[PDB]
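Reading through the structure tokens given below for one structure.
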Number of protein chains: 2
Amino acid sequence: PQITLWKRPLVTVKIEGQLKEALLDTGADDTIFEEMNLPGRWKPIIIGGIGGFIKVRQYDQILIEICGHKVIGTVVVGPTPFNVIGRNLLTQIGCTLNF
Amino acid sequence: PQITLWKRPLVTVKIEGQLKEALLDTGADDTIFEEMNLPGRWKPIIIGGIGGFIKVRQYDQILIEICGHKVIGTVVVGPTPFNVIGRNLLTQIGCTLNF
Ligand SMILES: CC(C)CN(C[C@@H](O)[C@H](Cc1ccccc1)NC(=O)O[C@H]1CO[C@H]2OCC[C@H]21)S(=O)(=O)c1ccc(N)cc1
């Protein structure tokens, strides 16, 4: 799928049996979701962005099915206004920027 | 160009005769730059992101030469960790996400 940028690049994803919409974000190193539970042992970390830094929980090898592809990787959970698919997962679907 | 996401998608830009590197951020609605001088008036505004909000200056009709393409539009100036090229200018260079 080719995606233009006239609107927010939101895709439907399935993570841990839950349906969500997440932002394909080339400016995010990492993937972060709002509150939810996930398998495995998590380490507490802190991520930073435009407005400051937030405390989040980091999970490794989480499965996300994004628009029909499958990816496994670190998924961080914490207070974000959007669900964001950082580059860690974008690489795994072979997502590129073109112009 | 085609840009993979294994590394941060930075490009060199020329804005107001200054050479800068900026992020091709599909998660950003607008464009924000570090502290600098610019032409025209500016209304003070506030942008929100991961971790809160910041006060910034908003300029209109600002020209940027991105990787040899020219675009004009609203550029925000304020305390960001990265210069960010948002959708408000990515659409003008015809930039798309592909996978
Ligand atoms: C909150 C997002 C939906 C939108 N953001 C763009 C996003 O790409 C930022 C852009 C960004 C890039 C570097 C530093 C701060 C913000 N990246 C980000 O927050 O990512 C964090 C999680 O992954 C890590 O990667 C780096 C920061 C971490 S934003 O910075 O807050 C933003 C929102 C609106 C505008 N007009 C401009 C910028």
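Simple scheme: letters A, B, ... for chains in structure tokens order, numbers from 1 for residues in each chain, numbers from 1 for ligands in the order shown.
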
**OP:** Counting only C-alpha atoms, collect the residues of chain B whose closest atom lies at most 7 Å from chain A, and write them out as a PyMOL selection string.
**Re:** chain B and resi 1-6+23-27+48-54+80-81+87+91+93-99

So that I have them on file, write out the residues from the current selection with N, CA, C and O atoms, as a short mmCIF file (atom, residue, chain, number, x, y, z; two decimals), in the first residue's frame.
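File produced: again.cif:
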```cif
data_model
loop_
_atom_site.label_atom_id
_atom_site.label_comp_id
_atom_site.auth_asym_id
_atom_site.auth_seq_id
_atom_site.Cartn_x
_atom_site.Cartn_y
_atom_site.Cartn_z
N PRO B 1 14.09 10.46 -3.77
CA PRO B 1 14.80 9.29 -3.25
C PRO B 1 13.88 8.32 -2.55
O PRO B 1 12.75 8.67 -2.19
N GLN B 2 14.36 7.09 -2.39
CA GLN B 2 13.74 6.11 -1.52
C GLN B 2 14.54 6.03 -0.23
O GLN B 2 15.78 5.95 -0.27
N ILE B 3 13.85 6.04 0.90
CA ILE B 3 14.48 6.12 2.21
C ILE B 3 14.00 4.95 3.05
O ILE B 3 12.80 4.83 3.33
N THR B 4 14.93 4.07 3.44
CA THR B 4 14.63 3.02 4.40
C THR B 4 14.71 3.59 5.81
O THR B 4 15.26 4.67 6.05
N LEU B 5 14.18 2.84 6.76
CA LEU B 5 14.01 3.35 8.12
C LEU B 5 14.92 2.66 9.12
O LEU B 5 14.70 2.78 10.33
N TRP B 6 15.96 1.97 8.65
CA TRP B 6 16.93 1.37 9.57
C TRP B 6 17.65 2.44 10.39
O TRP B 6 18.01 2.19 11.55
N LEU B 23 14.20 16.05 10.48
CA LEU B 23 13.62 14.71 10.45
C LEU B 23 12.40 14.70 9.55
O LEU B 23 11.53 15.57 9.65
N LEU B 24 12.33 13.72 8.65
CA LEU B 24 11.13 13.49 7.85
C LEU B 24 10.15 12.71 8.70
O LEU B 24 10.09 11.48 8.66
N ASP B 25 9.34 13.43 9.46
CA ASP B 25 8.49 12.84 10.48
C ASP B 25 7.05 12.75 9.97
O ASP B 25 6.36 13.76 9.87
N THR B 26 6.61 11.52 9.67
CA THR B 26 5.23 11.29 9.27
C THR B 26 4.26 11.38 10.45
O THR B 26 3.05 11.53 10.23
N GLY B 27 4.75 11.30 11.67
CA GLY B 27 3.89 11.50 12.82
C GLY B 27 3.64 12.94 13.18
O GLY B 27 2.77 13.22 14.01
N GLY B 48 1.74 20.20 21.35
CA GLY B 48 1.74 19.08 22.28
C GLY B 48 2.38 17.86 21.67
O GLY B 48 2.30 17.63 20.46
N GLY B 49 3.03 17.08 22.51
CA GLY B 49 3.66 15.86 22.05
C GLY B 49 3.75 14.84 23.16
O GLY B 49 3.06 14.95 24.18
N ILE B 50 4.60 13.83 22.97
CA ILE B 50 4.88 12.89 24.04
C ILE B 50 5.57 13.66 25.16
O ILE B 50 6.64 14.26 24.96
N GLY B 51 4.92 13.70 26.32
CA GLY B 51 5.50 14.30 27.50
C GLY B 51 4.97 15.66 27.87
O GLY B 51 5.39 16.21 28.89
N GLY B 52 4.08 16.23 27.06
CA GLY B 52 3.51 17.51 27.40
C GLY B 52 3.47 18.50 26.25
O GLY B 52 3.43 18.11 25.07
N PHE B 53 3.49 19.78 26.59
CA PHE B 53 3.35 20.85 25.61
C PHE B 53 4.49 21.83 25.75
O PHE B 53 5.09 21.96 26.82
N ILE B 54 4.78 22.53 24.66
CA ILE B 54 5.80 23.57 24.66
C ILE B 54 5.25 24.80 23.97
O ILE B 54 4.42 24.71 23.06
N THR B 80 12.55 22.05 20.51
CA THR B 80 12.45 20.66 20.12
C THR B 80 13.84 20.02 20.15
O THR B 80 14.85 20.70 19.94
N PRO B 81 13.93 18.72 20.42
CA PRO B 81 15.23 18.05 20.34
C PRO B 81 15.71 17.85 18.91
O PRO B 81 16.92 17.83 18.67
N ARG B 87 3.89 16.78 8.15
CA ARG B 87 3.03 16.53 7.00
C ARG B 87 2.68 17.81 6.25
O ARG B 87 2.39 17.76 5.05
N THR B 91 3.74 16.75 2.35
CA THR B 91 2.80 16.65 1.25
C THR B 91 3.26 17.46 0.04
O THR B 91 2.95 17.09 -1.10
N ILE B 93 6.31 17.93 -1.12
CA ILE B 93 7.36 17.30 -1.90
C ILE B 93 6.86 15.98 -2.47
O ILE B 93 7.63 15.23 -3.08
N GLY B 94 5.59 15.68 -2.27
CA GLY B 94 5.04 14.44 -2.78
C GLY B 94 5.52 13.21 -2.05
O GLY B 94 5.63 12.14 -2.66
N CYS B 95 5.80 13.33 -0.76
CA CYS B 95 6.38 12.23 0.01
C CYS B 95 5.31 11.24 0.45
O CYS B 95 4.27 11.64 0.98
N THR B 96 5.59 9.95 0.24
CA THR B 96 4.65 8.87 0.55
C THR B 96 5.33 7.76 1.34
O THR B 96 6.55 7.57 1.27
N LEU B 97 4.51 7.02 2.09
CA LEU B 97 4.94 5.84 2.83
C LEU B 97 4.59 4.60 2.02
O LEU B 97 3.46 4.47 1.55
N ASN B 98 5.54 3.69 1.88
CA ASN B 98 5.37 2.54 1.00
C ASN B 98 5.79 1.28 1.73
O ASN B 98 6.87 1.24 2.34
N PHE B 99 4.94 0.27 1.68
CA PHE B 99 5.30 -1.06 2.13
C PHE B 99 4.34 -2.08 1.53
O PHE B 99 4.19 -3.19 2.03
#
```

Original post:
Could you pull the residues within 8 Å of residue A:77, counting only C-alpha atoms, minus those fewer than 3 positions along the same chain, as an MDAnalysis selection string?
Top reply: chainID A and resid 32:36 56:59

Expected file contents, prior selection, N, CA, C and O atoms, as a compact mmCIF listing (two decimals), in the first residue's frame:
```txt
# COMPACT_ATOMS: atom_id res chain seq x y z
N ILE A 32 5.18 2.79 20.77
CA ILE A 32 4.56 3.02 22.06
C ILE A 32 3.05 3.00 21.92
O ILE A 32 2.49 3.60 20.99
N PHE A 33 2.39 2.34 22.86
CA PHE A 33 0.95 2.26 22.93
C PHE A 33 0.48 2.83 24.26
O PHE A 33 1.25 2.96 25.21
N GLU A 34 -0.81 3.17 24.31
CA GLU A 34 -1.42 3.57 25.57
C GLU A 34 -1.60 2.34 26.46
O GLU A 34 -1.22 1.22 26.12
N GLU A 35 -2.22 2.56 27.62
CA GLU A 35 -2.30 1.51 28.62
C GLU A 35 -2.96 0.25 28.06
O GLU A 35 -3.93 0.33 27.29
N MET A 36 -2.42 -0.90 28.44
CA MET A 36 -2.89 -2.22 28.05
C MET A 36 -1.91 -3.25 28.61
O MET A 36 -0.77 -2.91 28.96
N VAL A 56 7.25 4.76 31.30
CA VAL A 56 6.58 3.73 30.53
C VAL A 56 7.14 2.36 30.90
O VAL A 56 8.20 2.24 31.51
N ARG A 57 6.40 1.32 30.50
CA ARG A 57 6.81 -0.06 30.69
C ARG A 57 7.22 -0.64 29.35
O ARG A 57 6.47 -0.52 28.37
N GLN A 58 8.37 -1.29 29.31
CA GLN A 58 8.91 -1.85 28.07
C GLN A 58 8.73 -3.36 28.03
O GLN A 58 9.17 -4.07 28.94
N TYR A 59 8.11 -3.85 26.96
CA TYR A 59 7.93 -5.27 26.70
C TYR A 59 8.70 -5.63 25.44
O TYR A 59 8.71 -4.87 24.47
```

For residue B:66, work out the shell of residues within 8 Å, counting only C-alpha atoms and skipping chain neighbours fewer than 6 positions away, then give it as a PDB file with N, CA, C and O atoms, in the first residue's frame.
```pdb
ATOM      1  N   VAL B  11      17.501  14.585   6.704  1.00  0.00           N
ATOM      2  CA  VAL B  11      17.935  15.179   5.452  1.00  0.00           C
ATOM      3  C   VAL B  11      18.516  16.544   5.772  1.00  0.00           C
ATOM      4  O   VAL B  11      18.254  17.131   6.822  1.00  0.00           O
ATOM      5  N   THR B  12      19.314  17.042   4.850  1.00  0.00           N
ATOM      6  CA  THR B  12      19.842  18.387   4.942  1.00  0.00           C
ATOM      7  C   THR B  12      18.853  19.338   4.289  1.00  0.00           C
ATOM      8  O   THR B  12      18.367  19.079   3.184  1.00  0.00           O
ATOM      9  N   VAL B  13      18.558  20.431   4.979  1.00  0.00           N
ATOM     10  CA  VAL B  13      17.649  21.448   4.480  1.00  0.00           C
ATOM     11  C   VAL B  13      18.379  22.784   4.495  1.00  0.00           C
ATOM     12  O   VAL B  13      19.337  22.989   5.243  1.00  0.00           O
ATOM     13  N   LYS B  14      17.929  23.691   3.635  1.00  0.00           N
ATOM     14  CA  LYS B  14      18.390  25.073   3.668  1.00  0.00           C
ATOM     15  C   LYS B  14      17.169  25.944   3.921  1.00  0.00           C
ATOM     16  O   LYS B  14      16.251  25.990   3.098  1.00  0.00           O
TER      17      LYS B  14
END
```

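Among the candidates A:64, A:72, A:38, A:22, the residue lying nearest to ligand 1 is A:22 (atoms considered: only C-alpha atoms and all ligand atoms).
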
**OP:** Enumerate, as a VMD selection string, the complete set of residues in stretch 46-98 of chain B that a backbone-based DSSP assignment places in alpha helix (DSSP H).
**Re:** chain B and resid 87 to 90

For those residues, write N, CA, C and O atoms to a file as a PDB file, in the first residue's frame.
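What ended up in selection_13.pdb:
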```pdb
ATOM      1  N   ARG B  87       3.888  16.781   8.153  1.00  0.00           N
ATOM      2  CA  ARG B  87       3.030  16.533   7.001  1.00  0.00           C
ATOM      3  C   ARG B  87       2.684  17.815   6.251  1.00  0.00           C
ATOM      4  O   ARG B  87       2.393  17.764   5.051  1.00  0.00           O
ATOM      5  N   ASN B  88       2.700  18.964   6.932  1.00  0.00           N
ATOM      6  CA  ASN B  88       2.319  20.209   6.277  1.00  0.00           C
ATOM      7  C   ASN B  88       3.285  20.565   5.162  1.00  0.00           C
ATOM      8  O   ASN B  88       2.893  21.271   4.224  1.00  0.00           O
ATOM      9  N   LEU B  89       4.516  20.069   5.226  1.00  0.00           N
ATOM     10  CA  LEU B  89       5.473  20.228   4.145  1.00  0.00           C
ATOM     11  C   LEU B  89       5.804  18.934   3.420  1.00  0.00           C
ATOM     12  O   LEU B  89       6.208  18.989   2.259  1.00  0.00           O
ATOM     13  N   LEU B  90       5.651  17.774   4.067  1.00  0.00           N
ATOM     14  CA  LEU B  90       5.932  16.514   3.387  1.00  0.00           C
ATOM     15  C   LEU B  90       4.993  16.315   2.208  1.00  0.00           C
ATOM     16  O   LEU B  90       5.384  15.769   1.169  1.00  0.00           O
TER      17      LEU B  90
END
```

Original post:
Which residue out of A:31, A:15, A:45, A:21 has the minimum interatomic distance to residue A:74 when only C-alpha atoms are used?
Top reply: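 Smallest separation from residue A:74 among the options: A:31.
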
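Computed from the coordinates, the atom 33 (C, counted along the ligand's line) of ligand 1 to atom CA of residue B:46 distance equals 10.3 Å.
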
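For the atom pair formed by atom 13 (C, counted along the ligand's line) of ligand 1 and atom CA of residue B:75, the distance is 16.5 Å, given to one decimal.
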
Original post:
Between A:78, A:63, A:44, A:19, which is the closest to ligand 1 once you count only C-alpha atoms and all ligand atoms?
Top reply: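 Ranking A:78, A:63, A:44, A:19 by distance to ligand 1, first place goes to A:78.
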